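If you're matching positions, the sequence shown starts at 46 in the numbering used here and goes up one per residue. Written out below as structure tokens is the structure these notes cover.
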Amino acid sequence: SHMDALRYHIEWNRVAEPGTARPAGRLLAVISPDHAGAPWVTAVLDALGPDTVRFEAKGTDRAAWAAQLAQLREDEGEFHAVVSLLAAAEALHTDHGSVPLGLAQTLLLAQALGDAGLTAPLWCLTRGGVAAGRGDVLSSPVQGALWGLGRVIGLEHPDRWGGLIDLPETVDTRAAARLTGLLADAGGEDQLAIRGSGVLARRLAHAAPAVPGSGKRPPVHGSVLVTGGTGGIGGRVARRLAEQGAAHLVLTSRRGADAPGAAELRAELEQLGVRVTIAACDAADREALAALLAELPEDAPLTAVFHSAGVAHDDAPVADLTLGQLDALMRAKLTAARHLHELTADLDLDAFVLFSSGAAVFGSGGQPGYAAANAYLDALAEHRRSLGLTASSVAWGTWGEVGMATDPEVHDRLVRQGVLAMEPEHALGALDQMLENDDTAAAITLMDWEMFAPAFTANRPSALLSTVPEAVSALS
Ligand SMILES: NC(=O)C1=CN([C@@H]2O[C@H](COP(=O)(O)OP(=O)(O)OCC3O[C@@H](n4cnc5c(N)ncnc54)[C@H](OP(=O)(O)O)[C@@H]3O)[C@@H](O)[C@H]2O)C=CC1
């Protein structure tokens, strides 16, 4: 099927045991000084050895760090690699309430390295930011956001990007040796998870063909909340839910009833017999969300959430992105989804569906803020499954007809790259296959691999795509 052919999923496959020698040259370790106490942080610093130079990245000051780094690189000469432990800073930034401090500090470290002329490859370490291997628990969705930023750094600064490595809970000596071995030579891999049974790396595969009933999807009923539900994709999802018999759709956006197209949307939905509530309110306002949930009918309790609230604009290259831009991109994604998760965790929902993007799953040049925000969604869905709660993340490709991609501009960058506009009916039917399977994560995208693979790999290989045969064929 055509709908099957839009669905892909991320897998983690075993790779080679690394060598036994640590890096010959000197490592530079970067530490968040208020967040240096986690066990894995001390285990990593121990594994890097006492000869490793240590840089405490204090606060968020690009210019100060550029100066400090330039001084270090003057004194030492070229480093073998930069190893960042900034991801351990999960606390929100004091001035940007939707940006984890470690995310802010990572962006500014990537900036200041470039400013100071350090060219050693940057490796970003996380602990629990991916779900890798049968039974693996994604414990930190906040650290998971950093992977969407890293993948973009790999596309914008391939020559000075090492990669991302997720550590296990307990970094024992076998885990330490895998780490230091990868830092010496990672065999062309750059998205890695170190686990008790081996080193795994991240891979994209075609999803298994749809099996109706396998996931035991309950019938759509009760109240269903679609955030961004007046927006392009949210609207077409609400119309599908309505076709499928929802009792009550609750559609939100910051403009609510004043959003473009809302009256027409409400009328088309109501002709289907559905009760329609359209509310103005910001998905990152916890008190407004709570108030909205408090209003639901006894006869129509919340059964499902579809989180389509989002903006992509006002992003910038890694070298230029500000923290205020990053905060505005994170707000509807990390802040709003955290709220949705927390206020629905006891409700036994049938579906909790987060709309992510291919920018998070692949990386996309020019979109670091949006990739980090959407990668947090994907990680939160995995996290929620670990809690025994239902959750789905869908990393859409480009939609045709409706939504944020419908305009020649930076629709054309993507299209020239092989990421094609999907027909909405096909995208919706593929999402329906995913929910019928009860799959936790998918990318749903129409790709021309012959165009995409060579373009995406021109500066650097991508081990991610070696499990897509069309990409292997395009590179042959
Ligand atoms: N269209 C596509 O090709 C792709 C879409 N996606 C994702 O799908 C989702 C929907 O995208 P699409 O329908 O195309 O985009 P739209 O711009 O058409 O809709 C997005 C919307 O979310 C609402 N929104 C934005 N910020 C907030 C907020 N803080 N609180 C509540 N609502 C908010 C907007 O209304 P308002 O401005 O009034 O708040 C609008 O309803 C987005 O999350 C997007 O990132 C991912 C990849 C591709």
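The beta carbon of each residue, even a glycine, is placed where N, CA and C say it ideally should be.
A distance of 8 Å or more separates the beta carbons of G442 and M479. Between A440 and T380, the gap from beta carbon to beta carbon reaches 8 Å or more. Of the other Cβ atoms in all chains shown, fewer than 16 fall within 10 Å of the Cβ of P514; this residue is therefore exposed. Pairwise C-beta distances place the region 416-434 out of contact with the region 502-513, as fewer than three of them are shorter than 8 Å. Closer than 7 Å to some heavy atom of ligand 1: that does not describe the Cβ of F351. In this model, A115 and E121 are separated by some 10 Å (Cα to Cα).
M467: not part of any alpha helix (DSSP H); member of the beta strand (DSSP E) spanning 464-467, first to last residue.
In this structure, DSSP gives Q412 a state outside helix and strand, which the three-state scheme calls coil. In the structure shown, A112 adopts helical secondary structure according to DSSP, grouped into three states. Following the DSSP letters along the chain, one finds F407 inside the alpha helix (DSSP H) bounded by residues 403-407.
Assignment of alpha helix (DSSP H) within the region 140-175, counting only whole runs of 4 or more residues, yields 146-161 in chain order. Per DSSP, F100 is one residue of the beta strand (DSSP E) stretching across 98-101. In chain order, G173, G174 place their CB closer than 6 Å to the CB of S185, counting only its own chain and leaving out the 5 sequence neighbours on each side.
With respect to the 8 Å criterion, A487 and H47 are not classified as neighbours on the basis of their beta carbons. In this structure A252 is not in contact with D211, their Cβ atoms being roughly 23 Å apart against a cut-off of 8 Å. Here the distance from the Cβ of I210 to the nearest heavy atom of ligand 1 is not below 7 Å.
Using a 10 angstroms sphere on the CB of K261, the tally of other CB atoms stays under 16, which defines it as exposed. For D211, the enclosing beta strand (DSSP E) begins and ends at 206-212.
If the five residues before and after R240 are omitted, its C-beta is found closer than 8 Å to the C-beta atoms of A177, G178, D181, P213, all from its own chain and listed in chain order. Remark: the shortest separation between the CB of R376 and any heavy atom of ligand 1 falls under 7 Å. Counting only residues of its own chain and dropping the five nearest sequence neighbours on each side, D493 has a CB closer than 7 Å to the CB of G463, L465.
Sorting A354, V86, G408, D477 by C-alpha distance to the C-alpha of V256 places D477 at the top. Under DSSP, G243 forms a beta bridge with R240. Each residue's CA atom was taken as its position, placing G104 and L90 some 20 Å apart. Counting of Cβ neighbours within 10 angstroms places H352 among the buried residues, the total reaching 16 or more. One Cα belongs to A333, the other to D457, and the distance between them is close to 38 Å. Pairwise C-beta distances place the region 142-158 out of contact with the region 399-412, as fewer than three of them are shorter than 8 Å.
When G189, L117, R461 are compared, the shortest CA-CA separation from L148 is found for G189. Fully contained in the region 436-501 are the following alpha helix (DSSP H) runs of length 4 or more, in chain order: 457-461, 469-482, 494-501. About 18 Å separates the Cβ atoms of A302 and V269, ruling out a contact at the 8 Å cut-off. Within the model, the alpha-carbon separation for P68 versus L371 is close to 34 Å. At least 8 Å separates the beta-carbon of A377 from that of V406. Within the same chain, and ignoring the five residues on either side of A83 in sequence, the residues whose Cβ sits closer than 8 Å to its Cβ are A133, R172. Look at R118 here: in three-state DSSP terms it is helix. With contacts defined by Cβ atoms closer than 8 Å, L158 and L146 do not form a contacting pair.
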